[PDB]
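Novice: Input upload.cif, format and content: mmCIF, C-alpha atoms; chains and numbers go by the auth columns.
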```
data_query
loop_
_atom_site.group_PDB
_atom_site.id
_atom_site.type_symbol
_atom_site.label_atom_id
_atom_site.label_comp_id
_atom_site.label_asym_id
_atom_site.label_seq_id
_atom_site.Cartn_x
_atom_site.Cartn_y
_atom_site.Cartn_z
_atom_site.B_iso_or_equiv
_atom_site.auth_seq_id
_atom_site.auth_asym_id
ATOM 1 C CA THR A 1 -6.762 41.741 7.092 0.00 1 A
ATOM 2 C CA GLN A 2 -5.951 38.943 4.642 0.00 2 A
ATOM 3 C CA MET A 3 -6.026 40.355 1.112 0.00 3 A
ATOM 4 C CA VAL A 4 -6.625 37.442 -1.277 0.00 4 A
ATOM 5 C CA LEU A 5 -6.445 37.971 -5.040 0.00 5 A
ATOM 6 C CA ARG A 6 -6.333 34.329 -6.197 0.00 6 A
ATOM 7 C CA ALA A 7 -8.149 31.972 -3.852 0.00 7 A
ATOM 8 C CA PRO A 8 -6.613 28.502 -3.428 0.00 8 A
ATOM 9 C CA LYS A 9 -7.808 25.885 -5.892 0.00 9 A
ATOM 10 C CA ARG A 10 -6.614 22.564 -7.280 0.00 10 A
ATOM 11 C CA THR A 11 -5.567 22.966 -10.924 0.00 11 A
ATOM 12 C CA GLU A 12 -4.998 19.828 -12.984 0.00 12 A
ATOM 13 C CA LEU A 13 -2.221 20.156 -15.561 0.00 13 A
ATOM 14 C CA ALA A 14 -1.300 18.297 -18.737 0.00 14 A
ATOM 15 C CA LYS A 15 -0.192 14.662 -18.700 0.00 15 A
ATOM 16 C CA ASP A 16 2.206 14.178 -21.637 0.00 16 A
ATOM 17 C CA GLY A 17 2.676 10.656 -20.305 0.00 17 A
ATOM 18 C CA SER A 18 1.387 7.896 -18.054 0.00 18 A
ATOM 19 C CA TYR A 19 0.920 9.999 -14.931 0.00 19 A
ATOM 20 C CA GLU A 20 -1.229 12.795 -13.509 0.00 20 A
ATOM 21 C CA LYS A 21 0.091 16.194 -12.426 0.00 21 A
ATOM 22 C CA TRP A 22 -1.771 18.690 -10.245 0.00 22 A
ATOM 23 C CA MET A 23 -1.213 22.125 -8.736 0.00 23 A
ATOM 24 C CA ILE A 24 -2.314 23.982 -5.597 0.00 24 A
ATOM 25 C CA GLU A 25 -1.623 27.692 -6.131 0.00 25 A
ATOM 26 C CA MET A 26 -2.710 30.736 -4.149 0.00 26 A
ATOM 27 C CA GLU A 27 -2.034 34.465 -3.881 0.00 27 A
ATOM 28 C CA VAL A 28 -2.405 36.245 -0.533 0.00 28 A
ATOM 29 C CA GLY A 29 -1.403 39.547 1.013 0.00 29 A
ATOM 30 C CA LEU A 30 -1.314 41.069 4.481 0.00 30 A
ATOM 31 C CA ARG A 31 -2.719 44.452 5.482 0.00 31 A
ATOM 32 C CA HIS A 32 -2.512 46.630 8.590 0.00 32 A
ATOM 33 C CA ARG A 33 -4.820 49.588 9.168 0.00 33 A
ATOM 34 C CA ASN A 34 -2.285 51.640 11.148 0.00 34 A
ATOM 35 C CA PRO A 35 1.375 50.842 11.936 0.00 35 A
ATOM 36 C CA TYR A 36 0.920 52.158 15.487 0.00 36 A
ATOM 37 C CA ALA A 37 -2.224 50.063 16.060 0.00 37 A
ATOM 38 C CA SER A 38 -0.005 47.090 16.976 0.00 38 A
ATOM 39 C CA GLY A 39 3.216 46.575 18.900 0.00 39 A
ATOM 40 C CA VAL A 40 6.197 44.271 18.422 0.00 40 A
ATOM 41 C CA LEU A 41 8.370 43.499 21.459 0.00 41 A
ATOM 42 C CA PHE A 42 11.671 41.966 20.358 0.00 42 A
ATOM 43 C CA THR A 43 13.290 39.559 22.806 0.00 43 A
ATOM 44 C CA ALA A 44 16.847 40.494 23.765 0.00 44 A
ATOM 45 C CA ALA A 45 19.496 38.697 25.801 0.00 45 A
ATOM 46 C CA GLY A 46 21.607 40.119 28.622 0.00 46 A
ATOM 47 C CA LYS A 47 23.622 43.323 28.352 0.00 47 A
ATOM 48 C CA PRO B 1 -1.001 15.436 -5.561 0.00 1 B
ATOM 49 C CA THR B 2 2.108 16.557 -7.483 0.00 2 B
ATOM 50 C CA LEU B 3 3.781 14.192 -9.968 0.00 3 B
ATOM 51 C CA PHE B 4 1.879 11.034 -9.059 0.00 4 B
ATOM 52 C CA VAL B 5 4.229 8.245 -7.958 0.00 5 B
ATOM 53 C CA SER B 6 3.097 4.646 -7.438 0.00 6 B
ATOM 54 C CA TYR B 7 6.379 2.689 -7.202 0.00 7 B
ATOM 55 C CA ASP B 8 7.930 4.162 -4.033 0.00 8 B
ATOM 56 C CA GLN B 9 4.948 3.202 -1.857 0.00 9 B
ATOM 57 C CA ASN B 10 5.806 2.017 1.656 0.00 10 B
ATOM 58 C CA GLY B 11 2.807 -0.014 2.816 0.00 11 B
ATOM 59 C CA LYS B 12 2.025 -2.441 -0.007 0.00 12 B
ATOM 60 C CA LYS B 13 -0.903 -4.798 0.588 0.00 13 B
ATOM 61 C CA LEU B 14 0.608 -7.831 -1.116 0.00 14 B
ATOM 62 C CA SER B 15 -1.558 -9.560 -3.726 0.00 15 B
ATOM 63 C CA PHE B 16 -0.740 -13.031 -2.448 0.00 16 B
ATOM 64 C CA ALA B 17 -2.735 -16.061 -3.535 0.00 17 B
ATOM 65 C CA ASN B 18 -4.757 -17.869 -0.868 0.00 18 B
ATOM 66 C CA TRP B 19 -3.888 -21.382 -2.085 0.00 19 B
ATOM 67 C CA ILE B 20 -0.945 -23.703 -2.742 0.00 20 B
ATOM 68 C CA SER B 21 -0.143 -25.787 -5.824 0.00 21 B
ATOM 69 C CA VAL B 22 0.436 -29.506 -5.203 0.00 22 B
ATOM 70 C CA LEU B 23 0.432 -32.040 -8.048 0.00 23 B
ATOM 71 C CA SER B 24 1.659 -35.169 -6.216 0.00 24 B
ATOM 72 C CA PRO B 25 -0.819 -37.884 -7.285 0.00 25 B
ATOM 73 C CA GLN B 26 -2.148 -40.406 -4.775 0.00 26 B
ATOM 74 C CA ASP B 27 -4.030 -42.946 -6.897 0.00 27 B
ATOM 75 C CA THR B 28 -2.946 -46.277 -5.346 0.00 28 B
ATOM 76 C CA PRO B 29 -6.043 -48.104 -6.667 0.00 29 B
ATOM 77 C CA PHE B 30 -4.813 -51.628 -5.966 0.00 30 B
ATOM 78 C CA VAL B 31 -4.394 -51.304 -2.195 0.00 31 B
ATOM 79 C CA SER B 32 -7.914 -49.852 -1.927 0.00 32 B
ATOM 80 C CA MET B 33 -9.724 -53.099 -2.843 0.00 33 B
ATOM 81 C CA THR B 34 -7.226 -55.850 -1.936 0.00 34 B
ATOM 82 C CA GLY B 35 -8.063 -56.527 1.710 0.00 35 B
ATOM 83 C CA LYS B 36 -5.751 -56.548 4.725 0.00 36 B
ATOM 84 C CA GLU B 37 -5.043 -59.317 7.226 0.00 37 B
ATOM 85 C CA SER B 38 -4.102 -58.761 10.857 0.00 38 B
ATOM 86 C CA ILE B 39 -1.381 -60.724 12.643 0.00 39 B
ATOM 87 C CA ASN B 40 0.123 -60.899 16.133 0.00 40 B
ATOM 88 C CA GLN B 41 3.845 -61.447 15.440 0.00 41 B
ATOM 89 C CA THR B 42 6.674 -59.939 13.412 0.00 42 B
ATOM 90 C CA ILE B 43 6.876 -63.106 11.268 0.00 43 B
ATOM 91 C CA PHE B 44 4.190 -64.750 9.130 0.00 44 B
ATOM 92 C CA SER B 45 4.442 -67.934 7.079 0.00 45 B
ATOM 93 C CA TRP B 46 2.447 -70.040 4.636 0.00 46 B
ATOM 94 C CA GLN B 47 2.641 -73.676 3.582 0.00 47 B
ATOM 95 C CA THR B 48 4.040 -74.701 0.195 0.00 48 B
#
```
Please, can you express the file's structure as structure tokens?

Specialist:
Amino acid sequence: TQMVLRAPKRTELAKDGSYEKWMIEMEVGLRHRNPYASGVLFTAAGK
Amino acid sequence: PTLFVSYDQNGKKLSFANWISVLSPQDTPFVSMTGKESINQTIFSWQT
């Protein structure tokens, strides 16, 4: 599952000059129901 | 969209003018109403 607290959104910031600043922030987290519900096979070289 | 920059652009559609400035005048009013005369040799003469 993809646990999202702050969804992505474009946030315009202050100018303080002759330009335009913006921001694209986001907050996400990963979840797994059970550690043994998925496997990870690491690739290894020769002996 | 971060820290807008407009000077480092790569593809700039130049704002060139579609004309050329030429001021060389071409009045020559005299030759326009004087009349020309054709000849058949490299030398012409007249009596005096």

Novice: Which chain A residues are at most 10 Å from chain B (counting only C-alpha atoms), as an MDAnalysis selection string?

Specialist: chainID A and resid 10 12:13 15 18:24

Novice: If we count all atoms listed in the file, what is near residue 28 of chain A at a cut-off of 12 Å, once residues fewer than 2 positions away on the same chain are taken out, given as a PDB file with C-alpha atoms, keeping the file's coordinate frame?

Specialist:
```pdb
ATOM      1  CA  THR A   1      -6.762  41.741   7.092  1.00  0.00           C
ATOM      2  CA  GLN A   2      -5.951  38.943   4.642  1.00  0.00           C
ATOM      3  CA  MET A   3      -6.026  40.355   1.112  1.00  0.00           C
ATOM      4  CA  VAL A   4      -6.625  37.442  -1.277  1.00  0.00           C
ATOM      5  CA  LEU A   5      -6.445  37.971  -5.040  1.00  0.00           C
ATOM      6  CA  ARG A   6      -6.333  34.329  -6.197  1.00  0.00           C
ATOM      7  CA  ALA A   7      -8.149  31.972  -3.852  1.00  0.00           C
ATOM      8  CA  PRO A   8      -6.613  28.502  -3.428  1.00  0.00           C
ATOM      9  CA  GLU A  25      -1.623  27.692  -6.131  1.00  0.00           C
ATOM     10  CA  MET A  26      -2.710  30.736  -4.149  1.00  0.00           C
ATOM     11  CA  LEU A  30      -1.314  41.069   4.481  1.00  0.00           C
ATOM     12  CA  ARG A  31      -2.719  44.452   5.482  1.00  0.00           C
TER      13      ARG A  31
END
```

Novice: What gap, in Å, lies between atom CA of residue 32 of chain B and atom CA of residue 19 of chain B?

Specialist: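 Interatomic distance, atom CA of residue 32 of chain B to atom CA of residue 19 of chain B: 28.8 Å.
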
Novice: Using the file's own x, y and z axes, what box holds all listed atoms of segment 12-19 of chain A with 6 Å on each side, keeping edges along x, y and z, and what are its centre and edge lengths in Å to one decimal, as JSON?

Specialist:
```
{"center_x": -1.2, "center_y": 14.0, "center_z": -17.3, "size_x": 19.7, "size_y": 24.3, "size_z": 20.7}
```

Novice: What is the atom CA of residue 43 of chain B-atom CA of residue 29 of chain B distance in Å, reported with one decimal?

Specialist: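 The value is 26.7 Å.
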